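What follows is each chain in one-letter form.
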Amino acid sequence: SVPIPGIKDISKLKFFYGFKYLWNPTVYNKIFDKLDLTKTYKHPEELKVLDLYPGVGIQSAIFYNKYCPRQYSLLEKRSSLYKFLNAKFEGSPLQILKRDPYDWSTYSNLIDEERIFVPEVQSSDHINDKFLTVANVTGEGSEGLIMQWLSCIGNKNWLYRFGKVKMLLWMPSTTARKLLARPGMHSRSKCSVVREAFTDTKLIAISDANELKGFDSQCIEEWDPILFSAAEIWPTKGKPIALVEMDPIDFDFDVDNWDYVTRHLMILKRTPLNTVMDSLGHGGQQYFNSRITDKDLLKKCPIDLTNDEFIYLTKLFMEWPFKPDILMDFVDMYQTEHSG
Amino acid sequence: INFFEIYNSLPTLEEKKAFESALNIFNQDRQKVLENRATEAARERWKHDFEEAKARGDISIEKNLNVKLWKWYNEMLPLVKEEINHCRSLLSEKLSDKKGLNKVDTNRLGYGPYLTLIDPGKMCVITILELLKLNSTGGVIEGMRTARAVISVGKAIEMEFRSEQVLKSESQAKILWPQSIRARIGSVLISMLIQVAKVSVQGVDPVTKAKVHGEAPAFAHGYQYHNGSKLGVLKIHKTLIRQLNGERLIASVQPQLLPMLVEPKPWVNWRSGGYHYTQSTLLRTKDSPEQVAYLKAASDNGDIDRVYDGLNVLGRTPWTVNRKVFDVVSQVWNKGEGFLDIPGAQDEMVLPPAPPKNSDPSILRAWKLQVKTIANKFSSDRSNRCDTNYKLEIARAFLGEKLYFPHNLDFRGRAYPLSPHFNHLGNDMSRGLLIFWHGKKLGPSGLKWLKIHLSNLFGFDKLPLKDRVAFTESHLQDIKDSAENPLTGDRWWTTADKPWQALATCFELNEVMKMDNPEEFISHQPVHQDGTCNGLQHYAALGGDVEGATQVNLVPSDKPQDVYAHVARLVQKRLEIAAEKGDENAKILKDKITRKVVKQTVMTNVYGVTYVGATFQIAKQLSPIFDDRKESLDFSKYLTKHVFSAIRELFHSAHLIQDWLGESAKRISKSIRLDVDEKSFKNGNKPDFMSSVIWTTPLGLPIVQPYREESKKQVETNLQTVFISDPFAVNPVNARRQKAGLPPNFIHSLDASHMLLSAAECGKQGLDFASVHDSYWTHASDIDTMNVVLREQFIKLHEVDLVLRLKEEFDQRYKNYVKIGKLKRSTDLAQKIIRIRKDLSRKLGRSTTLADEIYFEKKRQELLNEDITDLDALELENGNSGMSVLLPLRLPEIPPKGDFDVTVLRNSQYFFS
DNA sequence: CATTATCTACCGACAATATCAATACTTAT
DNA sequence: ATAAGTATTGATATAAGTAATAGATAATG
Ligand SMILES: O=c1ccn([C@@H]2O[C@H](CO[P@](=O)(S)OP(=O)(O)OP(=O)(O)O)[C@@H](O)[C@H]2O)c(=O)[nH]1
Ligand SMILES: [Mg+2]
């Protein structure tokens, strides 16, 4: 019987470092019914959940009261929030750890060295049934962390060495609009192509009525996202938030060449492919004209391209005899001194 | 041919003067042709090489490189002449309404008038030369930044145009192109070159592993992401980079501003001096109208004449390339192995085994960082080898001829040559090559001083003069061995701190040892009076410290005391006890701390160095000896903490003067002028701050700190939209940089002033004098006279208290300012209250001061639409309640100047040695 | 009065762009 | 009597270990 903290307690915490959480139990019950987590993790009495950036710890209490997993690790390294978690969930079967989840080392130490949290690695054909990760990365400055966590899916390195672990991610509405843009929308950028290539992600709930104007209309109809007012998050200053369920999928491209090609095409994301393939090295336009056979594709500006066209273009790039060096794609900011 | 050897062969000085006059006139004509015909001569040289290569065969070699240059030029001239043709066909406008909305509307009608003014072949050759010269600059791996390239080419074409105009004006008997037009012109020309340049390349196809050869564009326009902020780049094919690390690069890309063979145009006005046709301003004013405006006012008033005297003495000193050292460096370069600094031939970098993807993210990040480190090291070595190649080619050009360097000043007043590539103020190799053209007999003092210089080079500048002479005497065998065969020997000169100058002086000493009477020998090698903590010397003199002056060799002593060594020892003792205590950080570093490591932190520390800077400075200094991670800064963090702890106690007068300067800079930066502005800018209640720190050099030169908040904007070009800043936009001052920069600029101004005074005096005595900011060079004979002059001029500079004169000058220049006042803390004087009112009548005459000031109060958002309103509002504050007040700027009170006769340095021989 | 976004001593030096949301402005119908 | 570009401008995203680093610290609400 985990005691859930309400608005009274979480009104007392003065510092939040910029993170906005949710406190209404009714919308959380609605969300956990919409997600229907009891379909994949059919035996929760064996599931182990790793909660990053839990903060106030209401989602955690409701999750535990509804599913009773075996191990629930809240990684919150912040003074007032850690104090809150140890004064409210003391002795409770929740596992409260004072560890920064931002640094990569935390996961290596926890799973590898100390073996406090040891989940079970499974194949890469079905979405993992014994490991669920939930995260609240809602700071307006801490958005690059989400990009790192998405990139880890491509390398299969950080927590995705246990297969396809499903993530329940709270994120700023601007990040959710970037990640969930469909080809040709205004907010389509390389973050969206990464999301499309590695993941299929659905909008489980949003914190605003006038935000649905940034997502694709057919996709907004397909997802059927839960809505709530801006009076539901407790620190009511920052922009609205959006919860996104993110499960990795299969992929068979070369992630390094795909990164290069996508990053250098999505710089000039509105010049037609007649003239944007020259930024990919020396002599790119002549070669990519001699190789690309479908001259309808040459008129799609690289914002119009789906991910399959990017995989095709990276296939042509890796077939290029005179392709440039992909590894020296940086600026020597460190010590290009230029003495003479 | 070789002028220097025959000139030295002459027995009598009058014959030398006749020889010098004849060479001077013939070199007048030679220099005159050199400036104008540099591009024509270079273009003729490579077209000739292309024709010569054609007969032999077509292989990818240096002659092929010249062939490529003549091919790019040959296939770029028609494009640019078609552009010019459409420019003249469209410059006859009819109606500016129905025009090509992109290609002519902003593009062609805008730069139209500027393309007609200069003939096309000049523009093509200039674009090729100026794009090759920018190879691997601005942070790009093997290319350039697009902004730097576009602006440099536009500026080179404009300056060549202005040279054409100067030549036409002397023969027959815009003013400053805006940044936007320069950008558009540069972008159009480099675009055409991008669209013509093609170089053959060889590649390996992936599926069949069968080599395939093809022609690809030599230049390419791309982008690169750093830190999220995209950057435009121009990449050059690696096949061309392989050929830029080649011996014949100087023929392709000619240096226009190289040391002139005639006497520099002696400085008579800020607008003229040194170079004949390329105008050179007396100030390297980076991006300021105010700096040039104040310099112009000074020059018109003419009160800086001493700066002209110093620059004219600095410039009229003749050098000559050392033939023997050139031979040794050429042998070492041709050998191909990595020498002391010449890194050595390298084909392509090798990276460690790539880590598997499934590895922890930190491991991949660490590998990526290592890849960045390896790439940086490779590009650094490649750049060093290329720079050395350029320097050796210029040295080869002048193997016999004597050369003069025209000096210029940065905005403080330190003298920097005008020739950027090759000058005596570069790294050690450049200094080794150069020797004084005029040779003077050593004499009794001269021989000993030459020996003391050789001891100085070997790192034994710490010990007294007698010990230096003893050290030189003890190693006579090493001197003869090193002199006889530079290589294939003991190579004693190599161990020295300064590797090349040491061999050159070894050659001089070997010649001296072969003479029965050393004094009759005539020497060329300049002796360096280096200065021990010169900034500290100036702080001690200004403050008037006695203990501080004693530490810094000001007061006469038998043994030289250098502050760096003393603090380094103190830090060493404390670190040793710390390592014994039990920390592991100190044990590794307990011994390595030496004078060199501490000196950088101590100098910067007096000057207001933020802790991050100290951490990096120490990391770089201690990286070679390999006592901690050269890449990492974590190990170095503690060391700087202790350095600061030991240092803080040491300094009192320097800290007082630096603090006063910082407080004065902050108050002056945050001040608002009454007179110029009678209108509120209406940006807000608080106007902008456009007043900058300004003081005058003791010589009379004006110094104006150009630390503004620059406003860049994206101007559109043919290639991209470049983020450049327009120099004419005056903007508010960056208070942070003013406060952090006043102390170093003041001390550097004083240092440069002392140099210019001593240079004028030495040139008056007839001694050639060359000075690298804080070390003065002269023949080993006249070194004694120079030693006397240095001290004397220091006296003539510090006889008057300079900080007080500076504060008085500040109070004069900034009396009628009104610093914005926040909520009150206390009161200082009793004229603040009269400032707000300005109701005292000003009848029958000037003293308008109240009239101009009262209207400014109306701009302080008064409580009115009236007259007695705001005055009543402020009565409460003095009587209590804080307001954002308008108080008169009041500069602080200068620190108490301790009693110490500066005139006691006249008898200290370790002051400069 | 409580809380935060810049830099990291100074000089020779030498720099983010593409896109689009919207504006004042000239055209003109 | 009656509207659509449009040169200028300003905001926003960009990659993604807080630029190769992390403690002050001037400066808003
Ligand atoms: O990083 C620096 C280095 C040097 N300088 C300034 O350049 C001048 C001399 O620079 P250096 O001669 S080499 O270093 P010194 O402090 O003179 O040590 P030394 O006594 O020669 O063994 C001197 O005015 C110094 O303040 C800086 O301002 N910043
Ligand atoms: Mg010195």
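Cut-offs applied
Residues numbered from 1 in each chain as written, not as in the entry; some residues may be left out. Chains lettered and ligands numbered in written order. Heavy atoms only, no water. Residues with missing side-chain atoms left out of burial classes, pairs and counts. UniProt positions renumbered as here; feature names shortened; annotations may be inferred. Donors = N, O, S within 2.8 Å, 3.2 Å for Na, K, Ca; no water. Helix = DSSP H or I, 4+ residues; strand = E, 2+ residues; numbered from the N terminus. Buried < 20%, exposed > 50% of the residue type's maximum accessible area, 1.4 Å probe, protein only. Near = heavy atom within 4 Å. Polar contact = N/O pair within 3.5 Å; in protein donor to acceptor, adjacent residues only side chain to side chain. Areas by Shrake-Rupley, 256 points an atom, 1.4 Å probe, with all protein chains shown as cover. Salt bridge = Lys/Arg side-chain N within 4 Å of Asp/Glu carboxyl O. Axes fitted to C-alpha atoms, helices over the stretch in contact; angles between N-to-C directions. Parallel < 35°, antiparallel > 145°, perpendicular 65-115°, else oblique. Contact = heavy atoms within 4.5 Å. Nonpolar A, V, L, I, M, F, W, Y, C, P; charged D, E, K, R; others polar. Domains from an automatic or database assignment. Buried area = accessible area lost by both parts, 1.4 Å probe.

- As annotated in the PDB entry, chain B carries the name DNA-directed RNA polymerase, mitochondrial and comes from Saccharomyces cerevisiae.
- Looking at chain B in UniProt, the text filed under Catalytic activity is "RNA(n) + a ribonucleoside 5'-triphosphate = RNA(n+1) + diphosphate".
- Per UniProt, the comment on chain B under Subcellular location is "Mitochondrion".

- With the PDB entry as reference, chain A is termed Mitochondrial transcription factor 1, source organism Saccharomyces cerevisiae.
- What UniProt records for chain A under Function is the sentence "Mitochondrial transcription factor that confers selective promoter recognition on the core subunit of the yeast mitochondrial RNA polymerase. Interacts with DNA in a non-specific manner."
- Under the Sequence similarities heading, UniProt states for chain A: "Belongs to the class I-like SAM-binding methyltransferase superfamily. rRNA adenine N(6)-methyltransferase family."

**Focus on the coordination of the magnesium ion (ligand 2)**
Residue and element names in this part refer to chain B.
Okay, so step 1: Of the protein atoms, only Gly 531 (O) and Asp 774 (OD) coordinate the magnesium ion (ligand 2), at distances of 2.2 to 2.3 Å. Taken together, the residues span a long stretch of sequence, with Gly 531 in the loop between strand 15 (526-530) and helix 20 (534-543) and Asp 774 in the loop between strand 21 (770-771) and strand 22 (775-779) at a distance of 243 residues.
Okay, so step 2: Relative accessible area serves as the criterion here: at 14%, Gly 531 is assigned to the buried category.

**Observations regarding the site of ligand 1**
Residue and element names in this part refer to chain B.
Okay, so step 1: Around ligand 1 sit 14 residues in total, of which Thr 532, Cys 533, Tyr 564, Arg 595 and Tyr 607 are the nearest.
Okay, so step 2: One of the backbone N or O atoms of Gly 531 is found 2.9 Å from an oxygen atom in ligand 1.
Okay, so step 3: Residue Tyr 564 places a side-chain N or O atom 2.4 Å away from an oxygen atom belonging to ligand 1.
Okay, so step 4: In the complex, the protein chains occlude 74% of the 580 Å² of accessible area that ligand 1 would expose alone.

**Points about the pattern of salt bridges**
Okay, so step 1: Enumeration according to the criterion identifies 39 salt bridges over all chains in this entry.
Okay, so step 2: With its nearest N and O atoms 3.8 Å apart, the salt bridge here joins B:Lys357 to A:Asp256. Of this pair, B:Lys357 sits in the loop between helix 13 (323-335) and helix 14 (361-397) while A:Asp256 sits in helix 10 (residues 255-265), each in a different chain.
Okay, so step 3: When its relative accessible area of 33% is taken as the criterion, B:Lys357 is described as partly exposed.
Okay, so step 4: Judged by its relative accessible area of 41%, A:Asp256 falls in the partly exposed class.
Okay, so step 5: Between B:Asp105 and B:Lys99 there is a salt bridge; the shortest N-O distance is 3.9 Å.
Okay, so step 6: Linked through salt bridges whose partners overlap, the residues forming this network are A:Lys166, A:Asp200, A:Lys202, A:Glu245 and A:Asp247.

**Some words on the packing of helix 27 (residues 653-669) of chain B against helix 30 (residues 802-813) of chain B**
All names here are of chain B.
Okay, so step 1: Running from N to C, helix 27 and helix 30 cross one another at 10°; their axes reach a closest spacing of 13 Å. Comparing the axis directions of helix 27 and helix 30 gives the class roughly parallel. Of the residues in helix 30, those in contact with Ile 657, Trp 660, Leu 661, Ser 664 and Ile 668 of helix 27 are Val 803, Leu 806, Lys 807 and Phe 810.
Okay, so step 2: A class-by-class count of the residues in the contact of helix 27 with helix 30 yields 7 nonpolar, 1 polar and 1 charged.

**Here's the deal with the domain arrangement of chain A**
Residues and elements named next belong to chain A.
Okay, so step 1: In terms of domain boundaries, chain A breaks down into domain 1 (7-248) and domain 2 (255-319).
Okay, so step 2: A C-alpha centroid distance of 34 Å is found between domain 1 and domain 2.
Okay, so step 3: Listed per partner, the contact involves 14 residues of domain 1 and 14 residues of domain 2.
Okay, so step 4: Both faces considered, domain 1 and domain 2 share a buried interface measuring about 1,000 Å² in area, 65% of it formed by carbon and sulfur atoms.
Okay, so step 5: Counting the surface domain 1 buries against domain 2, the share from its top three residues, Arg 188, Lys 190 and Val 193, is 44%.
Okay, so step 6: At the boundary of domain 1 with domain 2, the tally comes to 1 salt bridge.
Okay, so step 7: Among the salt bridges present, the one from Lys 190 reaches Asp 259, with a minimum N-O distance of 3.9 Å.

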